[PDB]
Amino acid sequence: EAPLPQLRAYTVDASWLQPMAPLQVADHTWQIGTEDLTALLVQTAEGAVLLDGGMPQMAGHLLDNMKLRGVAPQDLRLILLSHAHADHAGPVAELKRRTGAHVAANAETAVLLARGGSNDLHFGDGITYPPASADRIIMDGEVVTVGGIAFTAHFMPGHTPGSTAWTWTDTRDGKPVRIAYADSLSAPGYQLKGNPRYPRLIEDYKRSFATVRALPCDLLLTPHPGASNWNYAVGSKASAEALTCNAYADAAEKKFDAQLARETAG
């Protein structure tokens, strides 16, 4: 008699777990994650903000890179998230324990984070990670400010119900740089039509494409750098091929429409 199957680990491509040194994006904004997972550190006069953390096992690397930037663990004030899947919110619980940082997130992201990604609308229990609590619930368009730097939330539901873009204005060469950290717009293996767990999925994606098109943006970044044509491994050329918000939304919508037709076709 076959025994029940063993639990299966959430395994990812090696490049998602490949550490990199901090890569400067603008005067106060640094990529400090891995070659293929974004984790943005924004350094202010009154502490630092982290946008996403990658996989659960990246906690120590993130703290190492923070130290290279002059940021002690207790200097991390705030953690913001694109969406609460294991490869973007993975280390949040550990980071909170080791830094004292607060998490700000919308209600959808908060409830998914608090159950550690279990009972996912599409992935079941296959991508569970250590649960964490949100300390501040934010609404669409709400502004969170640290050290004078204002981060604005733009809800873009679809990839998860709580998917969020974050925008802020940094500087470079004395000129403002409007940064938009837009969430994933993929639907990998999702049932798009008539999904009982997400009945308005298609309507939400369509609205989210429009939301991304309209973001204030001189420089777009995404949780997976490849989704916006970044290449973190090539240093000062990393942003050279980066997409605009319009191009990112267009590419995602074309992919979505094609997937929708293939779902209709089996």
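Throughout, rigid core stands for the largest set of C-alpha atoms superposing within 1.5 Å between the two forms. Sequential numbering from 1, following the sequence displayed.
- Relative to the displayed structure, the C-alphas of 166-174 lie farther away on average in 9 other deposited structures of this protein than those of the other candidate, with 77-85 and 166-174 compared after rigid core superposition.
- In this entry, 172-180 shows the higher mean Cα temperature factor of the pair 121-129 and 172-180.
- Looking at 35-43 and 209-217 together, the entry lists the larger mean B-factor for 209-217, computed on C-alpha atoms.
- If you compare the C-alpha temperature factors of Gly189, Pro161, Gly116, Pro91 in the entry, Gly189 comes out highest.
- Each of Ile202, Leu62, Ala233, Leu51 has a CA temperature factor in the record; the biggest one is found at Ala233.
- Among all modelled residues in this chain, the alpha-carbon of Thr145 has a temperature factor (C-alpha) in the highest third.
- Split the chain's modelled residues into thirds by C-alpha temperature factor. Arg136 is in the middle one.
- When the modelled residues of the chain are ordered by C-alpha B-factor, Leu76 sits in the middle third.
- The entry lists a Cα temperature factor for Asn229 that places it in the middle third of the chain's modelled residues.
- Among all modelled residues in its chain, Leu185 ranks in the middle third by Cα B-factor.
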